[PDB]
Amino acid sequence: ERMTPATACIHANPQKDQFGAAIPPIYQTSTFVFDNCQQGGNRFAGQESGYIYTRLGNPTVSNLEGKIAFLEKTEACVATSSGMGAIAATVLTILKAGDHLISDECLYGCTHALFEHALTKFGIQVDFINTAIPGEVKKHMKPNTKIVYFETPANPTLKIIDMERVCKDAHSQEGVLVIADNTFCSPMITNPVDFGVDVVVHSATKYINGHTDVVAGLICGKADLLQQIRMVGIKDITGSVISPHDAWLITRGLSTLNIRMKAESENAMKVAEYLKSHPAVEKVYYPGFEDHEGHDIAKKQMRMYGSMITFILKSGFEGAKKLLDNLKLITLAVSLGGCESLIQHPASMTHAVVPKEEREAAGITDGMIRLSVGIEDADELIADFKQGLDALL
């Protein structure tokens, strides 16, 4: 029986330090000494194991990578210095001028901009579609289609996508890679490779680190493709090299990932249910609600329903600013997945970079408020909302 996820966030990929250090040391070194020239030339040629230089690989970073690969059930993992770097190192390794990419239209704002404006200036063709509609992916495929990409639940509407149905369509022609951004679930909730996904990416800045003090990304997938991503996407094209110090903080944060995800999902269900019945609140989105579109798909793909909640007030945008400015426990900031509860307004903040018309076509409204529930006491979270919401009348 496979080591459980609970035990594995601490003990997968055990390290062997020469002194028996309980916590493996931090390899804050840019470079590694060769014993002789032959060894150096063998490593550079890929003929001998061992380290060379921190943009190419680092033992502290590998420690984190093997733990994550295990938790995602993939052969390998490549760590980067930001979720965007993980995304970009992946798609810029795979694609070239002439290729085609299909993406869900509801994405993190910066990923949407990368696909709409950067890839298209490098000669890559992109389609933005609703990949939650059965059959939509297959309808937009062309012979040169190389990647189908999506986020579920989506940032920030929490739209659910049936991953297995998307993979069926994408893999109905040879040579297509399906990439899922699994940031909002984390590996404790979902393992996208279960459903046919080829590559899984994360902003490790969010739940995996969980402590709001590290910006970093992760790429999980087959070893041969990830070796290409490492030697092309990381080494030359993005240069998104994580600091070994930051990787060591993420391994530290990872050790409480299982207890954090459970506590945050439990609190989120209580908070979502509270929000739903407040008279000032118009609509609440939470994957665990039975009336949430794709709830049955969500239950199939997610072990817990997450700590992300998106909601709309009956007083709209102006209502959203008043509530948000008057919260006393919940913190006003972007990002998510930390131990403290955060909240923000996607149309003027995380998704302001996406043109309104594209926002709204994807279901992102100007009234939406996006909340990431931490591990505070749930009654005190509810009480902060009550006081803030009662003031709206």
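Residues carry their position along the shown sequence, with the first being 1.
Undergrad: Quick one: higher average CA temperature factor, 255-263 or 308-316?
TA: Looking at the recorded C-alpha B-factors, 308-316 comes out higher on average.
Undergrad: Where do the C-alpha atoms have the higher mean temperature factor in this entry, in 161-169 or in 216-224?
TA: According to the entry, 161-169 carries the higher average C-alpha B-factor.
Undergrad: So among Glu72, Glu151, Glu136, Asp198, who wins on Cα B-factor in the entry?
TA: Of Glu72, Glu151, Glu136, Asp198, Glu136 has the highest C-alpha B-factor.
Undergrad: At the C-alpha atoms, which of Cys339, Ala45, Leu64, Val334 reaches the highest B-factor in this entry?
TA: It is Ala45.
Undergrad: By the recorded C-alpha temperature factor, relative to the other modelled residues in its chain, which third is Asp181 in?
TA: Ranked within chain, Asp181 CA B lands in the lowest tercile.
Undergrad: Which third, lowest, middle or highest, does the C-alpha temperature factor of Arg55 belong to within its own chain?
TA: Within its chain, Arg55 is a lowest-third residue by C-alpha B-factor, going by the deposited values.
Undergrad: Please place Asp291 in the lowest, middle or highest third of its chain by C-alpha B factor as given in the entry.
TA: It belongs to the highest third of the chain when residues are ordered by C-alpha B-factor.
Undergrad: Among the modelled residues of its chain, does the C-alpha B-factor of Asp104 lie in the lowest, middle or highest third?
TA: According to the entry, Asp104 has a C-alpha B-factor in the chain's middle third.
Undergrad: Ranked by Cα temperature factor within the chain, is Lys276 in the lowest third, the middle third or the highest third?
TA: For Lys276, the deposited C-alpha B-factor lands in the highest third.
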